[PDB]
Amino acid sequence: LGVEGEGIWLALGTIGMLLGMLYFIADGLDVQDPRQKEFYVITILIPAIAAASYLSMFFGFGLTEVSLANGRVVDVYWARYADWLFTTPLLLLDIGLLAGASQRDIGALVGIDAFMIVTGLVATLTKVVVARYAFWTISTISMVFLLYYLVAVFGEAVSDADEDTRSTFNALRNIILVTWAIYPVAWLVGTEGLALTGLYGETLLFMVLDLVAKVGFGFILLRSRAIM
């Protein structure tokens, strides 16, 4: 399946996201409180967008070959970034609403987040080899800023909440810190960067990361006493 077998991870990733989406829908069917319900909506939308993106990539939509100024040909699943552009701000909105961050503070992170994803998409699409790395570098710096602000700004915001809320915040923060930081490493080691692994390995890595960052995070959030 796919260019070199990687479609198996695309199909698994689809099924995982859909399953996580369905569990979330079934869990929130009787929810009445408007704020609790907002966490449901956001958290159901996240794996919906990712299931759809995964499925599109399984069918070949969202996949282009890029010939670098190298002559190197790279099979670029650009549908990922489409997914990330919407799902990463939604994840930040989720944890920001948990933390009790202001509209101003969530907007700030979201802006930096969008910058991170778009400068990533440039890195991935550009044919000029130094540009690929220059943009990966720009995007990674912006992630570092984002991750610092998440800990500093949202961590302040949550400091006055109850123990359950601070505890769930810390768990969700740590899922973000560990998993999001791997993404630039995965890009670097995969076929977009140094090609230490091929498309099959790279696809498997992002499948696992996306599943943790979306369904794993969602699980932890929606089961917390904090949101109830």
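Here, rigid core means the biggest group of C-alpha atoms that superpose within 1.5 Å across both forms. Start at 1 with the first residue shown and count on from there.
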How do 42 to 50 and 28 to 36 compare in 4 other deposited structures of this protein: which one has C-alphas farther from this form after the rigid core is matched?
28 to 36
As the entry reports it, the stretch among 173 to 181 and 24 to 32 with higher mean C-alpha B factor is 24 to 32
For 48 to 56 versus 197 to 205, entry-based mean Cα B-factors point to 197 to 205
Could you tell me which one of 140, 119, 102, 87 shows the highest CA temperature factor in the PDB record?
102
Pull the Cα B-factor of residue 144 out of the PDB entry and bin it into the chain's lowest, middle or highest third.
highest
Comparing residue 189 with the other modelled residues of its chain, is its CA B-factor in the lowest, middle or highest third?
highest
What third of the chain does residue 42 rank in for C-alpha temperature factor, lowest, middle or highest?
lowest
Third of the chain's Cα B-factor distribution that residue 77 belongs to, per the entry
middle
Can you tell me whether residue 111 has a C-alpha B-factor in the lowest, middle or highest third compared with the other modelled residues of the same chain?
middle
